[PDB]
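Q: sequence? don't have it. structure:
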Ligand SMILES: Cc1nn(C)cc1[C@H]1CC[C@@H](CO)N1c1ncnc2[nH]ccc12
């Protein structure tokens, strides 16, 4: 039993809700919140911009030190950093950004990072400003993640379509 509330159950391990991931994290304080990161950990917009703003830019400060030490992530890769006031940890995961021409096949690799964590709050990778088809992202999520994932979808219209079209 966990404290996630109001989710629709899609499969044995995948759950979905129309929610603002910032507000969900603040309420639940999950062990792991997933960020829709880029390889530079520049949290300027999209989910990343919103999560960072909610930390009063502390996420960005920590991220800049991470990059200065380690260099950029790989597309499809991840790193674990602090969750600040939102979660114990933040798993920064880089899905391909179609608006950069990045291989959508890397979306499965991106979701594989979730399997290193027993329970996560997460957005649909490569959705929103990363330009991928959110229906496809949900399919890859369900077919790749085996741990318990609670998916937050900001846009109410898109959520209804993901549910209604889910196979
Ligand atoms: C814009 C945007 N850019 N990216 C990378 C994702 C999004 C939006 C669109 C689709 C949805 C994916 O779950 N997503 C969010 N979902 C939940 N909380 C959120 N807070 C802020 C954004 C957001």
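A: Sure, I can see it. Numbers count the residues shown, from 1 in each chain.
Q: What residues does the residue of the chain found nearest the ligand make contact with?
A: Of all residues in the chain, residue 128 sits closest to the ligand, at 2.1 Å by Cβ to the nearest ligand atom. The C-beta positions use only the backbone N, C-alpha and C, and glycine is treated the same way. Contacts for residue 128 (Cβ atoms under 8 Å, 6 or more residues apart in numbering) come out as 36, 46-47, 134, 154.
Q: Select from these the one having the most neighbours.
A: residue 36 (28 neighbours; other Cβ atoms under 10 Å).
Q: For it, which non-adjacent residue is spatially closest?
A: Using Cβ to Cβ, 6 or more residues apart in numbering and skipping residues adjacent in sequence, the residue nearest residue 36 is residue 47, 4.1 Å away.
Q: Do I have it right that the one you found meets residue 123?
A: Yes - with contact defined as Cβ atoms under 8 Å, residue 47 reaches residue 123; the gap is 4.9 Å.
Q: any shared contact partners between those two?
A: 21, 36.
Q: Give me every residue in the protein lying close to the ligand.
A: For the chain, the residues in contact with the ligand (Cβ under 6 Å from any ligand atom) are 20-22, 36, 46-47, 50, 123-124, 127-130, 152-155.
Q: In strands, which of these fall?
A: Counted as lying in strands by DSSP state E, out of the residues of the chain next to the ligand, are 36, 152-153.
Q: can you put these in JSON lines and add distance to residue 104?
A: Shown next, in JSON lines, are those (distance: Cβ to Cβ, whole Å):
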{"residue": "36", "distance to residue 104": "15"}
{"residue": "152", "distance to residue 104": "22"}
{"residue": "153", "distance to residue 104": "19"}
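Q: Starting from residue 21, give me the distance back to the residue of the chain closest to the ligand.
A: 11 Å (Cβ to Cβ, to the nearest Å).
Q: which residues are in contact with both of these two?
A: 47, 154.
Q: What's the first helix or strand after the longest helix along the chain?
A: With secondary structure taken from DSSP state H, the chain has its longest helix at helix 58-70. The helix or strand immediately downstream of helix 58-70 is strand 78-82, counting by DSSP states H and E.
Q: and that next one, how far out from the chain's middle?
A: 12 Å (Cα atoms, centre = their mean, to the nearest Å).
Q: count of residues packed around the closest residue to residue 102 other than its chain neighbours?
A: The shortest distance from residue 102 to any residue other than its chain neighbours is 3.5 Å, reached at residue 96 (Cβ to Cβ, 6+ apart). Residue 96 sits with 22 neighbouring residues when counted by other Cβ under 10 Å.
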